[PDB]
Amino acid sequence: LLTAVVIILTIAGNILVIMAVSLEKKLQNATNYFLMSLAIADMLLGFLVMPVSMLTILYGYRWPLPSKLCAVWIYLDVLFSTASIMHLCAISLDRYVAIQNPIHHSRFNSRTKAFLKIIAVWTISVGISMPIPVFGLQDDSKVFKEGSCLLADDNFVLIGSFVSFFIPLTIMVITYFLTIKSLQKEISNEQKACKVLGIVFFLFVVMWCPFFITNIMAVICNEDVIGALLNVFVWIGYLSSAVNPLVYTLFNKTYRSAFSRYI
């Protein structure tokens, strides 16, 4: 099956990134520590969540797993997906701040800033993903629907899709536009950086955008077609966790050398 390839690529990429950060003396700085935290989140998703979804695919969408375990499963899904999304948003904000005024960025570029950023993004993701365990375990009807298990809370879906992908999307759009308008004011290094930023932004938009917009159209509005579209797009969005470890690292020569050495 095609879904078994994605889990293999996710875990392979995150192992390679983790060993590249940990076993290299030159890559150990704040940015690669934030990237390591992102890789940790993507590994936790691709280890605890995606094989369960593959078992759901194989089992005909009746839930073999315990019912109570589905609510915590949705909790882990939302937790790790939000963690990845605001990790990318914080990466984009840090890139814009470091590119617009590089002198003032180096005055406060210690490891304390990176630790505070990691703490902030994980606390934000935990707070966003907080109600699913508390309300889903008390009432089983809020997470189950005719054997299949999905978020049946419409208002929670709207709020947690507006605060997790419609604030970060506009933040990333604004920072990408401003970073493009900042580097163009000045040179193959800057053009290569612009190409990399554009590739990253458009890959993120292409990978993640259809899932949230069809999730919104599922609730705000033919049910089988929308359900199948959400079914395909939630697996398309899982492919982004196997792409961010590669794209954010392979543009460096040291990362390419380390990945060729370790394999």
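Here the rigid core means the biggest group of C-alpha atoms that line up within 1.5 Å when the two forms are laid on top of each other. Residue numbers run from 1 along the displayed sequence.
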>> Between 142-150 and 84-92, which one shows the bigger average Cα displacement from this form in 6 other deposited structures of this protein once the rigid core is aligned?
In response: 142-150
> How about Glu186: is it missing from at least a third of the other entries compared?
Replying inline: yes
>> Gap size between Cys221 and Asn222, counting deposited residues with no coordinates: none, 1 to 3, 4 to 9, or 10 or more?
In response: 4 to 9
>> So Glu146 and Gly147 are neighbours in the shown sequence, but is anything from the deposited sequence left out between them? Give the count as none, 1 to 3, 4 to 9, or 10 or more.
In response: none
